[PDB]
Amino acid sequence: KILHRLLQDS
Amino acid sequence: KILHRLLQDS
Amino acid sequence: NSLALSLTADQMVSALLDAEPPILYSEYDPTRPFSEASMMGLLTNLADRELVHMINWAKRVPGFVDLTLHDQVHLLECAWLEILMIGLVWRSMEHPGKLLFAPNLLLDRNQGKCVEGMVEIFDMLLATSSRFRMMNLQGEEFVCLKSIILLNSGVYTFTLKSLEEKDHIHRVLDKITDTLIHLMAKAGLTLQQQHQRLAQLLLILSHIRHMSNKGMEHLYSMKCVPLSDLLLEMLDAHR
Amino acid sequence: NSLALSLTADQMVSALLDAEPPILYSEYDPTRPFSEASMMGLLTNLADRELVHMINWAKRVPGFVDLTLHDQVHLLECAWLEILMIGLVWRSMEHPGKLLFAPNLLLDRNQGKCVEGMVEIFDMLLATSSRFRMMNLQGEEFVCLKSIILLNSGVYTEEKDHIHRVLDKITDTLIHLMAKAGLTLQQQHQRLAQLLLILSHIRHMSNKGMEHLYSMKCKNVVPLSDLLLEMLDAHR
Ligand SMILES: O=S(=O)(Oc1ccc(I)cc1)[C@@H]1C[C@@H]2O[C@H]1C(c1ccc(O)cc1)=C2c1ccc(O)cc1
Ligand SMILES: O=S(=O)(Oc1ccc(I)cc1)[C@@H]1C[C@@H]2O[C@H]1C(c1ccc(O)cc1)=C2c1ccc(O)cc1
């Protein structure tokens with residue numbers, strides 16, 4: 001999931 | 001319709 | 001001059017309780033193991049008979065007969081499945097993991113899988129029933145919530161006269177709001193607890209709407225078990 | 001334990017106000033979108049850029065980061081179109097009869113007729129926007145409603161108690177704004193009920209709008225982004 005990666009950024 | 005008649009029945 | 005804006009909260013609860021429709025039985029017997037179409041035919045047979053009771057329950061809701069016949073049709077067309085679900089959820093409070101469609105039809109979460117795509121609706125219904133159990137929902141709160149769905153679910157979906165009708169619905173809704181707060185005051189909840197519980201109740205109506213829209217989706221796709229005549233008219237209103 | 005519970009009412013409002021995403025602009029092609037392709041292209045491009053700000057707005061919602069990563073994914077997947085719609089509705093308050101998708105992109109229901117099935121959602125959006133304008137909805141009330149949608153629209157689909165405590169905390173915050181604004185106790189619980197009932201209609205609009213979105217995606221009317229496509233497939 002792309003949403004997985006974007007919820008981890010910093 | 002059916003809902004029309006039952007709403008005005010009696 | 002309407003009588004809905006004239007009643008008191010105690011007289012409001014009394015009216016909604018008296019107007020409650022009965023709990024209908026199913027045509028189910030455990031001797032015949034149902035299939036996908038067999039269970040779907042039972043729920044269709046049950047919900048069709050409930051609609052007749054719900055239509056006559058709607059008349060006895062304070063303020064509903066003060067609307068045009070075309071507007072009464074619209075509210076029921078948009079809210080009928082919501083009304084059925086919150087009734088199902090209310091009957092199932094004391095049966096964890098089960099949905100009490102009828103006193104003789106107590107379906108398990110595993111038995112809901114006997115229809116493809118039904119499991120997700122059952123889990124949302126079960127989660128909703130569990131929420132009413134944790135909140136210890138009162139029957140006087142249930143009748144208020146259920147009548148709120150009738151007046152609120154189709155109020156923003158409909159002329160200077162058409163706007164004059166929506167003004168009356170909001171007056172009745174604000175009255176039912178007071179009635180709920182009145183119930184929570186008699187129970188002894190503090191002011192902070194009344195605002196929180198009131199928000200909890202109305203936030204669940206958002207989920208009941210979600211379940212109705214999701215369920216309505218599959219309902220006008222399986223028809224493409226045969227549906228009832230009145231049930232088809234309720235479905236065409238959602239296309 | 002979460003930091004949201006220890007936050008006060010005024011501290012809850014400021015955290016929600018500062019976490020607000022910015023109002024993004026549409027692509028600056030001067031053509032008034034009257035086709036199905038250009039309409040859906042402008043809205044898809046806009047919605048995809050807003051989703052990135054929404055993911056970062058959600059992280060700054062008190063209590064959201066205190067959830068498991070899977071729970072954060074579930075809530076945003078359920079509520080993302082609800083968040084966008086109530087954003088569109090709030091921006092469009094001071095433009096009755098119009099929908100301010102962007103400062104440089106204003107639509108009326110006539111343009112909604114150029115996408116077969118778009119006009120029904122537009123009317124509901126316009127009526128929600130008018131209802132917000134008649135209630136004199138405040139910005140501090142709007143941010144409270146928008147985060148309520150985030151935490152509540154996926155709570156029933158340990159973690160449930162935390163969400164319900166934050167939801168209650170936001171409830172106290174709404175009443176706090178109404179008490180600070182001078183409303184009477186009857187006016188406070190009546191306005192509270194009105195605001196939360198509109199949330200039921202925002203859910204209805206999201207579901208009816210989601211239907212067409214994962215149907216026009218199957219028709220491939222406009223090439224959707226992978227992110228917007230993953231947010232769509234989450235709704236079956
Ligand atoms: O929304 S429901 O789940 O409808 C479906 C059905 C199939 C699928 I696949 C998905 C959803 C819908 C909820 C419940 O299961 C379905 C159903 C039903 C309703 C109408 C009907 O004609 C058939 C069933 C029920 C029902 C609920 C409360 C009642 O008091 C009575 C019935
Ligand atoms: O429900 S919506 O109108 O979407 C449709 C689409 C087609 C039909 I037919 C019907 C409805 C949906 C709501 C609004 O119009 C559509 C849309 C959208 C969103 C994503 C997308 O990819 C396309 C449109 C919108 C939007 C709202 C707020 C925003 O900040 C940004 C966009």
Side-chain angles (χ1 to χ4, degrees), chain B residues 3 7, chain C residues 4 7 9-24 46-47 49-67 72 74-94 99-102 124-125 128-129 131-133 135-155 169-170 172-184 197-213 215-216 234, chain D residues 156 193-194 196-197 199-201 203-204:
Chain B
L3 179 56
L7 274 173
Chain C
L7 293 176
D10 285 332
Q11 294 166 335
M12 177 69 59
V13 163
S14 173
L16 299 180
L17 291 177
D18 296 326
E20 272 309 283
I23 299 177
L24 305 183
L46 174 72
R49 276 175 297 116
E50 289 181 293
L51 282 180
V52 183
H53 286 280
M54 180 201 307
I55 293 163
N56 294 276
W57 159 87
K59 299 172 177 180
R60 304 179 62 184
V61 178
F64 191 78
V65 300
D66 298 329
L67 315 180
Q72 295 176 3
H74 176 61
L75 292 183
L76 290 170
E77 276 179 348
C78 288
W80 68 271
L81 193 46
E82 278 183 276
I83 303 291
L84 288 180
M85 288 178 176
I86 196 179
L88 169 65
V89 169
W90 166 254
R91 303 194 296 269
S92 313
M93 275 182 57
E94 52 278 8
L99 290 182
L100 196 140
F101 291 90
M124 290 186 283
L125 290 157
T128 305
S129 183
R131 184 55 181 172
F132 287 171
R133 185 182 314 108
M135 297 190 58
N136 185 27
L137 188 62
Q138 299 312 297
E140 299 80 10
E141 298 169 314
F142 165 72
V143 293
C144 280
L145 286 173
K146 185 170 53 174
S147 54
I148 278 173
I149 286 170
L150 175 62
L151 305 176
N152 176 75
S153 291
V155 67
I169 301 182
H170 294 80
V172 182
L173 284 169
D174 287 333
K175 178 60 199 306
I176 303 177
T177 292
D178 314 321
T179 307
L180 280 168
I181 292 302
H182 184 216
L183 296 171
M184 307 178 181
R197 183 180 181 83
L198 173 69
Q200 294 156 12
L201 288 185
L202 307 174
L203 280 189
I204 296 165
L205 303 187
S206 181
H207 290 267
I208 290 169
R209 184 83 74 119
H210 183 68
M211 298 186 286
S212 173
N213 300 135
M216 207 86 61
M234 313 300 294
Chain D
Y156 303 143
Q194 294 166 7
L196 304 184
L197 283 186
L199 266 43
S200 183
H201 288 264
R203 173 93 76 165
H204 182 87

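Proteins get letters first, then strands, A, B, ... in listed order; numbering begins at 1 in each. Just the heavy atoms: all of them, side chains too, but no hydrogens, waters or symmetry mates, feed the values below.
- No cation-pi contact links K146(C) to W90(C), judged by a cut-off of 6.0 Å to the six-membered ring centre and 45° from its axis.
- The shortest non-hydrogen separation linking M211(C) to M85(C) is O-CE, 3.3 Å.
- Between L16(C) and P62(C), the closest heavy-atom pair is CD2-CD, 3.6 Å.
- Counting heavy atoms from C-beta outward, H182(C) and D10(C) have side chains that approach closer than 4.5 Å.
- Annotation: the span from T177(C) atom OG1 to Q194(D) atom CD amounts to 7.0 Å, rounded to 0.5 Å.
- Here the straight-line distance linking atom CG of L51(C) with atom CE of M234(C) works out to 5.5 Å at 0.5 Å rounding.
- Looking at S147(C), its side chain does come within 3.5 Å of a backbone N or O of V143(C) through a donor-acceptor pair.
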Next item on the list: List the steps and the verdict of side chain to side chain contact (heavy atoms under 4.5 Å, CB included) for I86(C) and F142(C).
Entry: CA-CA 8 Å; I86(C) 196 179; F142(C) 165 72; 4.1 Å; yes
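- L202(C) is not listed as a side-chain neighbour of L199(D), based on a closest heavy-atom distance of 4.5 Å or more.
- With values rounded to the nearest 0.5 angstrom, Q138(C) atom CD is found 12.0 Å from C144(C) atom SG.
- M135(C) places none of its side-chain heavy atoms less than 4.5 Å from the side chain of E141(C).
- Salt bridge present: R91(C) and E50(C) bring a charged side-chain N and a carboxylate O closer than 4.0 Å.
- We find the CG-OG1 distance between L7(C) and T179(C) to be 9.0 Å, quoted to the nearest 0.5 Å.
- The shortest non-hydrogen separation linking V155(C) to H170(C) is CG2-CE1, 3.8 Å.
- Here the closest non-hydrogen pair linking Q72(C) and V65(C) is NE2-CA, 3.3 Å.
- Contact between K59(C) and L7(B) at its shortest, heavy atoms only, is CE-O, 3.2 Å.
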Checklist line | Verdict with supporting geometry, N152(C) and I169(C), side chain to side chain contact (heavy atoms under 4.5 Å, CB included) | finding: CA-CA 8 Å; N152(C) 176 75; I169(C) 301 182; over 6 Å; no
Note to self: Please evaluate residues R209(C) and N213(C) with respect to the criterion side chain to side chain contact (heavy atoms under 4.5 Å, CB included), reporting the C-alpha separation (whole Å), side-chain torsions for both, the decisive distance (0.1 Å), and the verdict.
What the structure shows: CA-CA 6 Å; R209(C) 184 83 74 119; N213(C) 300 135; 3.5 Å; yes
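- The closest donor-acceptor contact from the side chain of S92(C) to the backbone of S129(C) lies at 3.5 Å or more, if one exists at all.
- Here the CG-CD distance, from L150(C) to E82(C), works out to 10.0 Å after rounding to the nearest 0.5 Å.
- For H53(C) against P21(C), the heavy-atom pair with the smallest separation is CB-CB, 3.9 Å.
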Next item on the list: Output, in order, the C-alpha distance, side-chain angles, deciding distance and verdict of side chain to side chain contact (heavy atoms under 4.5 Å, CB included) for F64(C) and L76(C).
Entry: CA-CA 10 Å; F64(C) 191 78; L76(C) 290 170; 3.9 Å; yes
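- Here CD1 of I204(C) is found 7.0 Å from CD1 of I208(C). Values are rounded to the nearest 0.5 Å.
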